[PDB]
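Below, in structure tokens: the form deposited in one PDB entry, a single chain.
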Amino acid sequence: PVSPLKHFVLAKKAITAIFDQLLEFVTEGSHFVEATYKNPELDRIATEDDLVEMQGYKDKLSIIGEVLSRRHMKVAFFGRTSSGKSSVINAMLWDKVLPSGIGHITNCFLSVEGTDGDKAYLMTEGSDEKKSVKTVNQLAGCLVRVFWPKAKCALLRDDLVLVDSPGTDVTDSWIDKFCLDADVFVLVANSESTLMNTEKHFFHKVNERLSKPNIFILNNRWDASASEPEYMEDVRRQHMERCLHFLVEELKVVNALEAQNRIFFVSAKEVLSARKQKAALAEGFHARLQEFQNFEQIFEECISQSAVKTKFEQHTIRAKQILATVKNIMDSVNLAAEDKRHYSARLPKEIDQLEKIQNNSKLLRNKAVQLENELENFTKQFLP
């Protein structure tokens, strides 16, 4: 069972390798354009504008590679205090990463990301110090970053970052600082209550600022109706009706069939206890566990596909534009050299020098075409 998050990992590896090659190619092409422009025996074969363009591309292709190397998937959890946001995150991480009662006292956002080390730690905004996660109660707009060993959670190994927000009912400017790059928003609701307008309004604001945000609703604490099956079915219908209407008719972010794959009824407490033990069950436990596992699979499929487009499409488009321009420059150099060869070149040494320029510009043009093909292959595989 291969995690869908590997789609993102593979896309990130592919696009970073393309940009490594692109930087090397533009560096080589810039050296060629410079030598051609600077040759005192050549007039107007490569222009000063040709060189400035190539150097400008060279000067900015490195930071694209470094920026791409740090791209990650991000899921953000929202909901009323004690709905179960921290517990859902812990269940997905298979451990008690965010401590008990942290939701009572946290007024900062808490993010969880992977670390290559074997020791968990946290970092605050104004330093590089790695602090004990045992101080997270003291440290928790503000953001506290929790780092958890990648060897312990496959989600973190596969470049997912999970963000816990302060309770919606006791606090937006949240969107700008910690939501412009979130790929998925998860509303955690208390299934013993009813979906509230305070929660709806927040996702209305996300919806107005982002084009078709990916939104899941987890009706948590579903174990509270265990052994009440007839009751459970009717409460499920009522929650489903209200959650469907919100996603489909109010937000209009999903049609009614796809909405079935965005609303789930779960017990994060049961799931965490089952998973911490893996490293006398209430009635319906396994059905609820299976529903949480189905949510995780659908969530991973959603966020991996979505994040590849969101995080990598613009730079893929830019790389194609850079290559088209470099090809145009190589075309211009070749054409100017060949024109000169046939219009006014006289001595066989001048002719041989122009033929070398033609040949090297063609070698570079063909290298650009090969990188265009790699970008087309990337687009076909990763950018539907």
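Note that the rigid core is defined as the largest set of C-alphas that superpose within 1.5 Å between two forms. A residue's number is simply how far along the shown sequence it sits, counting from 1.
Note that the form deposited in another entry isn't included here; everything after this is about it.
Peer 1: Cα of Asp223 displaced 2 Å or more between the shown form and the other one, core superposed?
Peer 2: For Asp223, whose C-alpha is compared between the shown form and the other one after core superposition, the shift is 2 Å or more.
Peer 1: With both forms fitted on the core, check whether the Cα of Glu376 differs by 2 Å or more between the shown form and the other one.
Peer 2: No.
Peer 1: Comparing between the shown form and the other one on the rigid core, is the C-alpha shift at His104 2 Å or larger?
Peer 2: Yes, the C-alpha moves 2 Å or more.
Peer 1: Please say whether the CA atoms of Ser225 and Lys96 come closer or move farther apart in the other entry, knowing the change relative to this form is 3 Å or more.
Peer 2: Closer, not farther.
Peer 1: Kindly indicate if, in the other entry, the C-alpha atoms of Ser225 and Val271 are closer or farther apart than in the structure shown, bearing in mind the change is 3 Å or more.
Peer 2: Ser225 and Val271 sit closer together in the other entry.
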